[PDB]
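Student: mmCIF, C-alpha atoms and all ligand atoms, file input14.cif:
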data_upload
loop_
_atom_site.group_PDB
_atom_site.id
_atom_site.type_symbol
_atom_site.label_atom_id
_atom_site.label_comp_id
_atom_site.auth_asym_id
_atom_site.auth_seq_id
_atom_site.Cartn_x
_atom_site.Cartn_y
_atom_site.Cartn_z
ATOM 1 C CA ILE Q 1 -35.152 -157.158 -251.275
ATOM 2 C CA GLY Q 2 -32.873 -155.262 -253.635
ATOM 3 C CA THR Q 3 -34.325 -153.095 -256.354
ATOM 4 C CA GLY Q 4 -31.195 -152.101 -258.247
ATOM 5 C CA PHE Q 5 -29.490 -153.817 -261.146
ATOM 6 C CA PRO Q 6 -25.742 -153.545 -260.510
ATOM 7 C CA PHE Q 7 -24.603 -155.427 -263.596
ATOM 8 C CA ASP Q 8 -22.418 -154.026 -266.393
ATOM 9 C CA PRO Q 9 -24.086 -154.167 -269.793
ATOM 10 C CA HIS Q 10 -23.165 -156.698 -272.416
ATOM 11 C CA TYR Q 11 -24.575 -156.986 -275.914
ATOM 12 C CA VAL Q 12 -24.023 -159.671 -278.576
ATOM 13 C CA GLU Q 13 -25.185 -159.646 -282.184
ATOM 14 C CA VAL Q 14 -27.563 -162.544 -282.790
ATOM 15 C CA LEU Q 15 -29.459 -162.998 -286.060
ATOM 16 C CA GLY Q 16 -28.864 -159.349 -286.997
ATOM 17 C CA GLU Q 17 -30.181 -158.119 -283.670
ATOM 18 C CA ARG Q 18 -28.539 -157.025 -280.436
ATOM 19 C CA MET Q 19 -29.277 -159.144 -277.382
ATOM 20 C CA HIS Q 20 -28.523 -157.804 -273.912
ATOM 21 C CA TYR Q 21 -27.182 -160.049 -271.166
ATOM 22 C CA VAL Q 22 -25.643 -160.133 -267.746
ATOM 23 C CA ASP Q 23 -22.210 -161.765 -267.712
ATOM 24 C CA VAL Q 24 -20.385 -161.917 -264.373
ATOM 25 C CA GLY Q 25 -18.134 -164.388 -262.590
ATOM 26 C CA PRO Q 26 -15.036 -166.436 -263.486
ATOM 27 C CA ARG Q 27 -14.512 -167.554 -267.106
ATOM 28 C CA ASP Q 28 -12.858 -170.907 -266.243
ATOM 29 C CA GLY Q 29 -15.639 -173.304 -265.163
ATOM 30 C CA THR Q 30 -19.177 -174.272 -266.056
ATOM 31 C CA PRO Q 31 -21.398 -171.238 -266.657
ATOM 32 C CA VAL Q 32 -24.821 -170.897 -265.097
ATOM 33 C CA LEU Q 33 -27.424 -169.739 -267.623
ATOM 34 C CA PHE Q 34 -30.462 -167.936 -266.191
ATOM 35 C CA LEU Q 35 -33.583 -167.811 -268.364
ATOM 36 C CA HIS Q 36 -36.508 -165.476 -267.551
ATOM 37 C CA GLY Q 37 -39.993 -165.730 -268.998
ATOM 38 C CA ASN Q 38 -43.066 -163.563 -269.449
ATOM 39 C CA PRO Q 39 -43.266 -160.524 -268.855
ATOM 40 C CA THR Q 40 -39.866 -160.261 -267.183
ATOM 41 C CA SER Q 41 -36.183 -159.877 -268.089
ATOM 42 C CA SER Q 42 -32.780 -160.500 -266.521
ATOM 43 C CA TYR Q 43 -33.986 -158.072 -263.839
ATOM 44 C CA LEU Q 44 -35.904 -161.010 -262.355
ATOM 45 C CA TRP Q 45 -32.601 -162.680 -261.472
ATOM 46 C CA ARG Q 46 -30.944 -159.590 -259.979
ATOM 47 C CA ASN Q 47 -31.007 -160.776 -256.369
ATOM 48 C CA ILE Q 48 -30.195 -164.391 -257.182
ATOM 49 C CA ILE Q 49 -27.144 -163.958 -259.383
ATOM 50 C CA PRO Q 50 -24.974 -162.426 -256.612
ATOM 51 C CA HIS Q 51 -25.175 -165.657 -254.660
ATOM 52 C CA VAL Q 52 -23.807 -167.655 -257.613
ATOM 53 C CA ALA Q 53 -21.330 -165.232 -259.223
ATOM 54 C CA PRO Q 54 -18.661 -165.826 -256.533
ATOM 55 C CA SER Q 55 -18.230 -169.425 -257.702
ATOM 56 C CA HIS Q 56 -19.484 -169.572 -261.306
ATOM 57 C CA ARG Q 57 -19.948 -167.492 -264.409
ATOM 58 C CA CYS Q 58 -23.539 -166.211 -264.553
ATOM 59 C CA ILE Q 59 -25.118 -165.417 -267.904
ATOM 60 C CA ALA Q 60 -28.631 -163.966 -267.977
ATOM 61 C CA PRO Q 61 -29.926 -162.877 -271.388
ATOM 62 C CA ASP Q 62 -32.907 -160.729 -272.120
ATOM 63 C CA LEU Q 63 -34.986 -162.736 -274.531
ATOM 64 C CA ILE Q 64 -35.465 -161.211 -277.965
ATOM 65 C CA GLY Q 65 -38.092 -158.469 -277.814
ATOM 66 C CA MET Q 66 -37.672 -158.152 -274.046
ATOM 67 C CA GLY Q 67 -35.542 -156.304 -271.554
ATOM 68 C CA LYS Q 68 -32.790 -154.331 -273.235
ATOM 69 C CA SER Q 69 -32.614 -156.663 -276.216
ATOM 70 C CA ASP Q 70 -33.634 -155.421 -279.634
ATOM 71 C CA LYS Q 71 -37.236 -155.470 -280.829
ATOM 72 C CA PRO Q 72 -37.536 -156.926 -284.310
ATOM 73 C CA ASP Q 73 -41.067 -157.066 -285.628
ATOM 74 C CA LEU Q 74 -41.609 -160.747 -285.009
ATOM 75 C CA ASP Q 75 -44.656 -162.798 -284.214
ATOM 76 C CA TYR Q 76 -42.681 -163.800 -281.079
ATOM 77 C CA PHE Q 77 -43.775 -167.413 -281.263
ATOM 78 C CA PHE Q 78 -42.007 -169.811 -278.920
ATOM 79 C CA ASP Q 79 -40.213 -171.032 -282.045
ATOM 80 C CA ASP Q 80 -38.865 -167.498 -282.593
ATOM 81 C CA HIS Q 81 -37.472 -167.457 -279.062
ATOM 82 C CA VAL Q 82 -35.943 -170.882 -279.655
ATOM 83 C CA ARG Q 83 -34.199 -169.625 -282.796
ATOM 84 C CA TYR Q 84 -32.751 -166.567 -281.065
ATOM 85 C CA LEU Q 85 -31.746 -168.295 -277.817
ATOM 86 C CA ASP Q 86 -30.030 -171.153 -279.696
ATOM 87 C CA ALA Q 87 -28.070 -168.553 -281.648
ATOM 88 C CA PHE Q 88 -27.253 -166.584 -278.469
ATOM 89 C CA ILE Q 89 -25.809 -169.678 -276.787
ATOM 90 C CA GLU Q 90 -23.647 -170.374 -279.826
ATOM 91 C CA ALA Q 91 -22.643 -166.709 -280.198
ATOM 92 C CA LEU Q 92 -21.178 -166.900 -276.713
ATOM 93 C CA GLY Q 93 -19.414 -170.175 -277.507
ATOM 94 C CA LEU Q 94 -20.990 -171.986 -274.618
ATOM 95 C CA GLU Q 95 -20.300 -175.737 -274.301
ATOM 96 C CA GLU Q 96 -21.582 -177.226 -271.015
ATOM 97 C CA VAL Q 97 -23.925 -175.206 -268.792
ATOM 98 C CA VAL Q 98 -26.059 -175.378 -265.690
ATOM 99 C CA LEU Q 99 -29.564 -174.046 -266.335
ATOM 100 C CA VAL Q 100 -31.592 -171.862 -263.935
ATOM 101 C CA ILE Q 101 -35.046 -171.489 -265.470
ATOM 102 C CA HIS Q 102 -38.561 -170.175 -264.940
ATOM 103 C CA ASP Q 103 -41.855 -169.841 -266.939
ATOM 104 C CA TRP Q 104 -41.129 -169.512 -270.697
ATOM 105 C CA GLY Q 105 -37.441 -169.618 -269.862
ATOM 106 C CA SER Q 106 -38.116 -173.130 -268.548
ATOM 107 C CA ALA Q 107 -39.778 -174.210 -271.808
ATOM 108 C CA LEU Q 108 -36.759 -172.787 -273.619
ATOM 109 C CA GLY Q 109 -34.303 -174.394 -271.232
ATOM 110 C CA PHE Q 110 -35.901 -177.846 -271.100
ATOM 111 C CA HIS Q 111 -36.315 -177.829 -274.869
ATOM 112 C CA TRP Q 112 -32.625 -176.953 -275.270
ATOM 113 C CA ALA Q 113 -31.627 -179.582 -272.718
ATOM 114 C CA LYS Q 114 -33.575 -182.322 -274.458
ATOM 115 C CA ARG Q 115 -31.774 -181.467 -277.715
ATOM 116 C CA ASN Q 116 -28.375 -181.032 -276.033
ATOM 117 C CA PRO Q 117 -28.414 -183.494 -273.115
ATOM 118 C CA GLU Q 118 -24.634 -183.873 -272.825
ATOM 119 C CA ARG Q 119 -24.257 -180.141 -272.443
ATOM 120 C CA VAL Q 120 -26.510 -179.744 -269.371
ATOM 121 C CA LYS Q 121 -24.894 -180.487 -266.020
ATOM 122 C CA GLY Q 122 -27.828 -179.540 -263.873
ATOM 123 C CA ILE Q 123 -31.215 -177.825 -263.957
ATOM 124 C CA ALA Q 124 -32.550 -175.522 -261.263
ATOM 125 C CA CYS Q 125 -36.170 -174.749 -261.996
ATOM 126 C CA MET Q 126 -39.205 -173.091 -260.490
ATOM 127 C CA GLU Q 127 -42.771 -172.413 -261.635
ATOM 128 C CA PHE Q 128 -42.018 -174.128 -264.926
ATOM 129 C CA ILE Q 129 -44.210 -174.945 -267.886
ATOM 130 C CA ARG Q 130 -45.899 -178.334 -268.203
ATOM 131 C CA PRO Q 131 -49.025 -179.211 -270.255
ATOM 132 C CA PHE Q 132 -52.365 -178.204 -268.745
ATOM 133 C CA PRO Q 133 -54.521 -180.870 -270.418
ATOM 134 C CA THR Q 134 -57.802 -179.033 -269.657
ATOM 135 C CA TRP Q 135 -58.750 -175.561 -268.366
ATOM 136 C CA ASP Q 136 -59.950 -177.074 -265.117
ATOM 137 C CA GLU Q 137 -56.304 -177.843 -264.401
ATOM 138 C CA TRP Q 138 -55.238 -174.182 -264.742
ATOM 139 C CA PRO Q 139 -55.315 -172.231 -261.415
ATOM 140 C CA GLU Q 140 -58.958 -171.522 -260.829
ATOM 141 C CA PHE Q 141 -58.665 -167.839 -260.014
ATOM 142 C CA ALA Q 142 -56.593 -167.104 -263.180
ATOM 143 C CA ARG Q 143 -58.776 -169.061 -265.608
ATOM 144 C CA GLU Q 144 -60.869 -166.127 -266.726
ATOM 145 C CA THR Q 145 -57.808 -163.933 -267.050
ATOM 146 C CA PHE Q 146 -55.908 -166.316 -269.277
ATOM 147 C CA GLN Q 147 -58.944 -167.330 -271.287
ATOM 148 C CA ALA Q 148 -59.403 -163.630 -272.144
ATOM 149 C CA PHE Q 149 -55.711 -163.243 -272.995
ATOM 150 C CA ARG Q 150 -56.223 -166.083 -275.476
ATOM 151 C CA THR Q 151 -59.620 -164.710 -276.830
ATOM 152 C CA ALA Q 152 -59.737 -163.062 -280.320
ATOM 153 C CA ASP Q 153 -59.247 -159.230 -280.144
ATOM 154 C CA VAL Q 154 -59.893 -159.007 -276.382
ATOM 155 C CA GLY Q 155 -56.500 -160.360 -275.455
ATOM 156 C CA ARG Q 156 -54.681 -157.846 -277.587
ATOM 157 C CA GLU Q 157 -56.742 -154.986 -276.140
ATOM 158 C CA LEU Q 158 -55.867 -156.116 -272.612
ATOM 159 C CA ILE Q 159 -52.203 -156.976 -273.015
ATOM 160 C CA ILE Q 160 -51.007 -154.643 -275.784
ATOM 161 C CA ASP Q 161 -53.342 -151.695 -275.578
ATOM 162 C CA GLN Q 162 -53.785 -151.690 -271.786
ATOM 163 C CA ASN Q 163 -50.565 -153.341 -270.573
ATOM 164 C CA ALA Q 164 -52.413 -155.901 -268.467
ATOM 165 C CA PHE Q 165 -49.518 -158.367 -268.219
ATOM 166 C CA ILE Q 166 -47.192 -155.772 -266.671
ATOM 167 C CA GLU Q 167 -49.671 -153.718 -264.649
ATOM 168 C CA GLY Q 168 -51.902 -156.617 -263.628
ATOM 169 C CA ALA Q 169 -50.557 -160.146 -263.893
ATOM 170 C CA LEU Q 170 -46.959 -159.489 -262.830
ATOM 171 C CA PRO Q 171 -47.708 -157.919 -259.420
ATOM 172 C CA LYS Q 172 -50.698 -160.187 -258.896
ATOM 173 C CA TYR Q 173 -48.493 -163.244 -258.925
ATOM 174 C CA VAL Q 174 -45.942 -161.965 -256.409
ATOM 175 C CA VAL Q 175 -47.033 -162.355 -252.779
ATOM 176 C CA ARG Q 176 -45.267 -159.282 -251.468
ATOM 177 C CA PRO Q 177 -46.054 -155.927 -253.048
ATOM 178 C CA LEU Q 178 -43.684 -154.910 -255.832
ATOM 179 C CA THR Q 179 -42.393 -151.383 -255.368
ATOM 180 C CA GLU Q 180 -42.785 -148.612 -257.925
ATOM 181 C CA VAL Q 181 -39.020 -148.742 -258.598
ATOM 182 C CA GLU Q 182 -39.278 -152.463 -259.364
ATOM 183 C CA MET Q 183 -42.367 -151.911 -261.485
ATOM 184 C CA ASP Q 184 -40.526 -149.203 -263.446
ATOM 185 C CA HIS Q 185 -37.738 -151.674 -264.235
ATOM 186 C CA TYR Q 186 -40.324 -154.128 -265.552
ATOM 187 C CA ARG Q 187 -42.242 -151.405 -267.433
ATOM 188 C CA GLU Q 188 -39.233 -149.927 -269.223
ATOM 189 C CA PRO Q 189 -38.994 -152.335 -272.208
ATOM 190 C CA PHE Q 190 -42.717 -151.901 -272.858
ATOM 191 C CA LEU Q 191 -43.314 -148.180 -272.568
ATOM 192 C CA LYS Q 192 -44.432 -148.168 -276.246
ATOM 193 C CA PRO Q 193 -47.640 -150.316 -276.565
ATOM 194 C CA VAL Q 194 -46.702 -151.766 -279.971
ATOM 195 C CA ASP Q 195 -43.604 -153.316 -278.395
ATOM 196 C CA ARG Q 196 -45.836 -155.532 -276.257
ATOM 197 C CA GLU Q 197 -46.288 -158.216 -278.926
ATOM 198 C CA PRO Q 198 -44.209 -160.865 -277.042
ATOM 199 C CA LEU Q 199 -46.340 -160.328 -273.940
ATOM 200 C CA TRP Q 200 -49.497 -161.302 -275.871
ATOM 201 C CA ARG Q 201 -48.065 -164.113 -277.977
ATOM 202 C CA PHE Q 202 -46.639 -165.902 -274.913
ATOM 203 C CA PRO Q 203 -49.961 -166.659 -273.162
ATOM 204 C CA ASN Q 204 -51.368 -167.657 -276.577
ATOM 205 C CA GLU Q 205 -48.539 -170.225 -276.765
ATOM 206 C CA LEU Q 206 -49.198 -171.788 -273.339
ATOM 207 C CA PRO Q 207 -50.025 -175.524 -273.642
ATOM 208 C CA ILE Q 208 -53.578 -175.363 -272.334
ATOM 209 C CA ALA Q 209 -56.520 -177.576 -273.362
ATOM 210 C CA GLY Q 210 -54.541 -179.011 -276.261
ATOM 211 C CA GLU Q 211 -53.830 -175.660 -277.935
ATOM 212 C CA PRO Q 212 -51.561 -174.756 -279.605
ATOM 213 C CA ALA Q 213 -50.824 -178.330 -280.656
ATOM 214 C CA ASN Q 214 -47.143 -177.727 -281.551
ATOM 215 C CA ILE Q 215 -46.376 -176.407 -278.039
ATOM 216 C CA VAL Q 216 -48.366 -179.128 -276.281
ATOM 217 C CA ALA Q 217 -46.344 -181.734 -278.217
ATOM 218 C CA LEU Q 218 -42.917 -180.191 -277.576
ATOM 219 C CA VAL Q 219 -43.678 -179.620 -273.858
ATOM 220 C CA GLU Q 220 -44.876 -183.232 -273.553
ATOM 221 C CA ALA Q 221 -41.603 -184.284 -275.205
ATOM 222 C CA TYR Q 222 -39.288 -182.362 -272.897
ATOM 223 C CA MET Q 223 -41.273 -183.577 -269.878
ATOM 224 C CA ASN Q 224 -40.915 -187.164 -271.036
ATOM 225 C CA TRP Q 225 -37.182 -186.415 -271.412
ATOM 226 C CA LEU Q 226 -37.009 -184.878 -267.952
ATOM 227 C CA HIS Q 227 -38.743 -187.853 -266.362
ATOM 228 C CA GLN Q 228 -36.081 -190.301 -267.655
ATOM 229 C CA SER Q 229 -33.044 -187.975 -267.469
ATOM 230 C CA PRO Q 230 -30.465 -188.548 -264.742
ATOM 231 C CA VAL Q 231 -29.461 -184.867 -264.795
ATOM 232 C CA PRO Q 232 -29.391 -183.339 -261.307
ATOM 233 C CA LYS Q 233 -32.495 -181.162 -260.720
ATOM 234 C CA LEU Q 234 -33.209 -178.517 -258.112
ATOM 235 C CA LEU Q 235 -36.876 -177.547 -257.882
ATOM 236 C CA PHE Q 236 -37.987 -174.521 -255.904
ATOM 237 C CA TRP Q 237 -41.653 -174.250 -255.010
ATOM 238 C CA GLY Q 238 -43.902 -171.926 -253.015
ATOM 239 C CA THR Q 239 -47.254 -171.965 -251.296
ATOM 240 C CA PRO Q 240 -49.762 -171.730 -252.913
ATOM 241 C CA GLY Q 241 -47.654 -171.518 -256.055
ATOM 242 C CA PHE Q 242 -49.340 -171.008 -259.406
ATOM 243 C CA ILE Q 243 -48.453 -173.441 -262.234
ATOM 244 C CA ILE Q 244 -46.617 -175.758 -259.757
ATOM 245 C CA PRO Q 245 -48.847 -176.193 -256.706
ATOM 246 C CA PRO Q 246 -47.353 -177.791 -253.565
ATOM 247 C CA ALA Q 247 -48.871 -181.195 -254.370
ATOM 248 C CA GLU Q 248 -47.339 -181.120 -257.863
ATOM 249 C CA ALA Q 249 -43.940 -180.172 -256.460
ATOM 250 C CA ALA Q 250 -44.241 -183.219 -254.172
ATOM 251 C CA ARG Q 251 -45.237 -185.469 -257.110
ATOM 252 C CA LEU Q 252 -42.253 -184.222 -259.108
ATOM 253 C CA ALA Q 253 -39.877 -184.779 -256.186
ATOM 254 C CA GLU Q 254 -40.806 -188.442 -256.162
ATOM 255 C CA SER Q 255 -40.982 -189.039 -259.885
ATOM 256 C CA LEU Q 256 -38.118 -187.008 -261.405
ATOM 257 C CA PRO Q 257 -34.670 -188.600 -261.003
ATOM 258 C CA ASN Q 258 -32.036 -186.939 -258.843
ATOM 259 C CA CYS Q 259 -34.320 -184.123 -257.847
ATOM 260 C CA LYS Q 260 -33.864 -182.000 -254.748
ATOM 261 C CA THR Q 261 -36.822 -179.822 -253.767
ATOM 262 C CA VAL Q 262 -36.740 -176.608 -251.777
ATOM 263 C CA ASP Q 263 -39.752 -174.916 -250.173
ATOM 264 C CA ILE Q 264 -39.343 -171.138 -250.444
ATOM 265 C CA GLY Q 265 -42.414 -170.328 -248.357
ATOM 266 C CA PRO Q 266 -45.054 -167.886 -249.598
ATOM 267 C CA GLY Q 267 -45.080 -167.668 -253.358
ATOM 268 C CA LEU Q 268 -47.340 -167.563 -256.409
ATOM 269 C CA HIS Q 269 -45.601 -167.475 -259.798
ATOM 270 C CA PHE Q 270 -42.605 -165.055 -259.688
ATOM 271 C CA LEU Q 271 -40.918 -166.850 -256.789
ATOM 272 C CA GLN Q 272 -37.716 -164.915 -257.310
ATOM 273 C CA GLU Q 273 -39.472 -161.757 -256.061
ATOM 274 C CA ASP Q 274 -40.663 -163.414 -252.809
ATOM 275 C CA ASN Q 275 -37.507 -165.285 -251.648
ATOM 276 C CA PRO Q 276 -34.478 -164.572 -253.839
ATOM 277 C CA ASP Q 277 -32.001 -165.149 -251.032
ATOM 278 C CA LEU Q 278 -32.994 -168.776 -250.457
ATOM 279 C CA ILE Q 279 -33.191 -169.445 -254.185
ATOM 280 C CA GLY Q 280 -29.728 -168.012 -254.692
ATOM 281 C CA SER Q 281 -28.117 -169.560 -251.639
ATOM 282 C CA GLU Q 282 -29.517 -173.013 -252.395
ATOM 283 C CA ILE Q 283 -28.378 -172.849 -256.037
ATOM 284 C CA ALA Q 284 -24.895 -171.808 -254.875
ATOM 285 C CA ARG Q 285 -24.761 -174.636 -252.352
ATOM 286 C CA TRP Q 286 -25.951 -177.231 -254.911
ATOM 287 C CA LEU Q 287 -23.499 -176.428 -257.709
ATOM 288 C CA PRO Q 288 -20.227 -177.994 -256.434
ATOM 289 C CA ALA Q 289 -21.430 -181.633 -256.598
ATOM 290 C CA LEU Q 290 -22.341 -181.163 -260.276
ATOM 291 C CA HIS Q 291 -18.757 -180.589 -261.342
ATOM 292 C CA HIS Q 292 -17.437 -184.127 -261.449
HETATM 293 CL CL CL P 1 -47.517 -166.337 -270.635
#
Let me see the structure of the file written as structure tokens.
Tutor:
Amino acid sequence: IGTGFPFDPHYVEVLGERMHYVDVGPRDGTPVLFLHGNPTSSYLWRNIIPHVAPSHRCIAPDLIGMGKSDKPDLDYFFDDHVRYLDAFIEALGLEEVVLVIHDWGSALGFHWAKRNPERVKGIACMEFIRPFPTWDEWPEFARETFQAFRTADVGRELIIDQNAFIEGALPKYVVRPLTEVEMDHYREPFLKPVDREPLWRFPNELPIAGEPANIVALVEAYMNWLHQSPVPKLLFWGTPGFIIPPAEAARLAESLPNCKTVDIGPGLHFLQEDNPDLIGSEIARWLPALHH
């Protein structure tokens, strides 16, 4: 599995801040917009993009405060990411897109899709955010971890002071062992502890046990949208998975319209690190029928 990042840098000024992005592939078709989540960056897509670039433009931003994007002193609420990603999409003059989304990038992407339904020609998703109505519905072995992340003071000590999301959660939720070179790519944006604010706010935004109410409501709304939308969907899932267990992937395959599901094999949360070649090849194969 490749560890390099052989993509020329691009930066765009968004809300007074520079945002970094990958931009490869032909200019004259529907772009494919790749959205990472926590605590990752466009690096997460590095081995997937090359499968898609031959046929479509591939755009993969680093969310504000992450990757090689600038680091304003924000609270880094989901709403802050919404504001910056909306403005990124417009700054690039995008019209119609295909989304490829994961984790908080999936909350961003589904929320954008719900608000812009005529501009989304397909959604490939994996390990995406849905409401967790109670803590018993969160993966059992990660309940303590995430309860502590969301606990006054303690969560900041773990994630900001001790870098627990990068050094702990990220490799824990990849089945194969991440190499030191890969870890260094993920560590680089966060070498200064104070710059870890997004990494702490994100788990505090997760829609778990009804809190925070604004996120629970907007995630319920995009899921209601998704359940009645005819947009083509491509859902990748792994075993045992993490926030999309195999039985949930099967439920979604039946319930969501026009949804194709692909088993990637072993996987927890960062499925892209366990089987990027199948994810990329299946996205590439699925795109042509979306054009018409
Ligand atoms: Cl999170």
Student: Do you know which residues the PyMOL selection byres (((not hetatm)) within 6 of (chain P and resi 1)) returns on this file, as a PyMOL selection string?
Tutor: chain Q and resi 38+202-203
Student: Between Q:165, Q:104, Q:11, Q:138, which residue has the minimum interatomic distance to residue 37 (chain Q), considering all atoms listed in the file?
Tutor: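 Using all atoms listed in the file, residue 37 (chain Q) sits closest to Q:104.
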Student: Of the candidates Q:283, Q:130, Q:135, Q:225, which shows the shortest atom-to-atom distance to residue 248 (chain Q), using all atoms listed in the file?
Tutor: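 Among Q:283, Q:130, Q:135, Q:225, it is Q:130 that comes nearest to residue 248 (chain Q).
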Student: If the PyMOL selection byres (((chain Q and resi 215-224) around 8) and not hetatm) is run on the structure shown, which residues does it catch, given as a PDB file with C-alpha atoms, in the coordinates of the input?
Tutor:
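Written file, expr-v8.pdb:
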ATOM      1  CA  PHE Q  78     -42.007-169.811-278.920  1.00  0.00           C
ATOM      2  CA  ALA Q 107     -39.778-174.210-271.808  1.00  0.00           C
ATOM      3  CA  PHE Q 110     -35.901-177.846-271.100  1.00  0.00           C
ATOM      4  CA  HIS Q 111     -36.315-177.829-274.869  1.00  0.00           C
ATOM      5  CA  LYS Q 114     -33.575-182.322-274.458  1.00  0.00           C
ATOM      6  CA  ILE Q 129     -44.210-174.945-267.886  1.00  0.00           C
ATOM      7  CA  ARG Q 130     -45.899-178.334-268.203  1.00  0.00           C
ATOM      8  CA  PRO Q 131     -49.025-179.211-270.255  1.00  0.00           C
ATOM      9  CA  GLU Q 205     -48.539-170.225-276.765  1.00  0.00           C
ATOM     10  CA  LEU Q 206     -49.198-171.788-273.339  1.00  0.00           C
ATOM     11  CA  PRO Q 207     -50.025-175.524-273.642  1.00  0.00           C
ATOM     12  CA  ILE Q 208     -53.578-175.363-272.334  1.00  0.00           C
ATOM     13  CA  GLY Q 210     -54.541-179.011-276.261  1.00  0.00           C
ATOM     14  CA  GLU Q 211     -53.830-175.660-277.935  1.00  0.00           C
ATOM     15  CA  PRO Q 212     -51.561-174.756-279.605  1.00  0.00           C
ATOM     16  CA  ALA Q 213     -50.824-178.330-280.656  1.00  0.00           C
ATOM     17  CA  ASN Q 214     -47.143-177.727-281.551  1.00  0.00           C
ATOM     18  CA  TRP Q 225     -37.182-186.415-271.412  1.00  0.00           C
ATOM     19  CA  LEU Q 226     -37.009-184.878-267.952  1.00  0.00           C
ATOM     20  CA  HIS Q 227     -38.743-187.853-266.362  1.00  0.00           C
ATOM     21  CA  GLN Q 228     -36.081-190.301-267.655  1.00  0.00           C
TER      22      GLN Q 228
END
Student: When the PyMOL selection byres (((chain Q and resi 79-81) around 10) and not hetatm) is applied to the file above, which residues end up in the set, as a PyMOL selection string?
Tutor: chain Q and resi 63-65+74-78+82-87+104-105+108+198+205+214-215
Student: Using all atoms listed in the file, find the one residue out of Q:163, Q:30, Q:151, Q:272 that sits nearest to residue 97 (chain Q).
Tutor: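 Using all atoms listed in the file, residue 97 (chain Q) sits closest to Q:30.
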Student: Find the residue from Q:43, Q:48, Q:145, Q:230 that sits nearest to residue 276 (chain Q); use only C-alpha atoms when measuring.
Tutor: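 Of the candidates, the smallest distance to residue 276 (chain Q) is held by Q:48.
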Student: What gap, in Å, lies between CA of residue 232 (chain Q) and CA of residue 277 (chain Q)?
Tutor: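 Separating CA of residue 232 (chain Q) from CA of residue 277 (chain Q) is a distance of 21.1 Å.
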Student: So what do you get for CA of residue 157 (chain Q) versus CA of residue 137 (chain Q), distance-wise?
Tutor: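 One can read the CA of residue 157 (chain Q) to CA of residue 137 (chain Q) distance as 25.7 Å.
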Student: Residue 149 (chain Q): which residues within 12 Å, counting all atoms listed in the file, same-chain residues fewer than 3 positions away excluded, as number ranges by chain?
Tutor: Q: 142-146, 152-160, 162-165, 169, 199-206
Student: Which residue is closest to residue 281 (chain Q)? Choose from Q:46, Q:36, Q:150, Q:51 and count only C-alpha atoms.
Tutor: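 Nearest candidate to residue 281 (chain Q) out of Q:46, Q:36, Q:150, Q:51: Q:51.
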